[PDB]
């Protein structure tokens, strides 16, 4: 069994009750039937198998395949996401085509969210130009690297655009080659074709001269239809000599997975011949990181889950909350309004509830309980998909799930009849504190709170410290972009484009190295050395910013060198008081023990600046703000004992190399 992997393709013929909710027991039992992975519709079965043929008001079901119902590594191993069948960007009806584009995008974004390893997309035309374009740009601009199975039709004739009177020189291969070209010939290691086999085997799949083609193609899968018999024995579920010769012919590597497709409404041996098919099949072939940007990119579930593995952050948050409910609760209140701002998968939600309960059992002993109404505000739609499932299962529909960018609540609040909060709770922190746009995010929410409203975090502050490491510097400098990565979006103001070959490219006018040097980074400081014994304060922020103090900043941060050495840049840190006494910090001196939540930031210098015992170092750093985003410009000013003073060039002018947007 081991060496051969065989997937089961979810079909309209195993749509049971709440299957989207119970994918666990699904792949479980299916697994019992001796097949490992599955091709499940990533939109959810209520969405995949929907039918558009209705009034102009028949809208498509929202994505509803919650991730929490299964640990992410399992999603990654077993499940393989197929795009909803009703999608057709190349519909003959312009409006449905547009609709199709939009929704294809949604499903792609979700495939990313669940963090799936492999994904199927089934062509239904002889030509899919629009689909090709959408997919092309997608894959070529994603920082991710998932695999893509392009399932083909059984034969030319099943195609929607098939005209038996104009197929001059077409076959299944021409289809695949045309699609593959149309997405820009991405790597076979990643862009792969899946053949669909059935009762009828076309000539091109038997006439040797043609079947040989698929050996020179990035073939990754055969999708086998249950169109077949029970010849011999106890009714042996078996396969034609031509079929066999085919699955044996092209079965080169044991990587190639085999999906089975249930065409026949045979509930089968009452669900116990699946394994018979499976058997039949098997026996016939045998360190730098960019800072996160939650505001402008949607965090996948991996990022979130990892976040969760740092339970200490959440514990501290809970303590902060109980403290708040204590300073407010001592007043003898009954009910209190809280807003979690950017809930993610909602660990701080469950934790906040946990806090209302603990607070009640310790403080309200033998007296009226203080109850909390909880609004969770969030923008990532996939995340929302998780927040609703959570709300249902664990939270008992108590919490109000508001999908929006919080910086917009001030409008939809009084309208949809939401009352002002007493506490707003957010966790939008970069390693450099405000490098993840927190101040602008939370500042967006001020127009709708009471002067009473206590905000957590209350305060946070960005620190810094000169370091020396030829390794970190030499590593930042030498980052290069391989062909497959040529169109991944820059962290700067510019975005990918089409070149003279109608191919996506991300140009870097300032130059590649430069572009490397004018960015912040988050690193696990390996082979470095401190040049200062202690760090210094850079940038503070306090919420709620009731007075609308400008979010932009400017500063000089000066140190003093005690030895001959090469200064390669600074390590940036941060600490934050959630509420009063309760706080957590990433700073070397005041570091929360055991906390892996944040690695230090690094503000690199273009060139390793040399220094010696005596010189005063003035790190100029400005945090400039823009209609469309925020960025750090920075540089160094060395001054020797004799007053003589030099300075390095201003790195990141206008955020051209590193520009956090909104």
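Numbering follows the first chain given and starts at 1.
Absent coordinates between residue 286 and residue 287 - deposited residues affected, binned into four classes: The entry has 10 or more unmodelled residues between residue 286 and residue 287.
Looking at the deposited entry, does 44-52 or 22-30 carry the larger mean Cα B-factor? Result of the comparison: 22-30.
Return whichever of 534-542 and 105-113 has the greater mean Cα B factor according to the PDB record. On average, C-alpha B-factors are higher across 534-542.
Whose CA atom has the top B-factor in the entry, of 522, 280, 513, 498? The listed residue with the largest C-alpha B-factor is 280.
According to the Cα B-factor stored in this entry, which of the following is highest: 93, 157, 422, 440? Top of the list by C-alpha B-factor: 422.
Going by the CA temperature factor in the PDB record, which third of the chain does residue 594 belong to: lowest, middle or highest? It falls in the top third of the chain.
Residue 89 by Cα B-factor - lowest, middle or highest third of the modelled chain: Tercile = lowest for this residue's CA B-factor.
Please place residue 97 in the lowest, middle or highest third of its chain by C-alpha B factor as given in the entry. According to the entry, residue 97 has a C-alpha B-factor in the chain's lowest third.
Of the three thirds of its chain by CA temperature factor, lowest, middle or highest, which one includes residue 69? For residue 69, whose C-alpha B-factor we compare with every modelled residue in the chain, the answer is the highest third.
C-alpha B factor of residue 459, ranked within the chain: lowest, middle or highest third? Its C-alpha B-factor, which the entry lists for residue 459, ranks in the middle third among residues of this chain.
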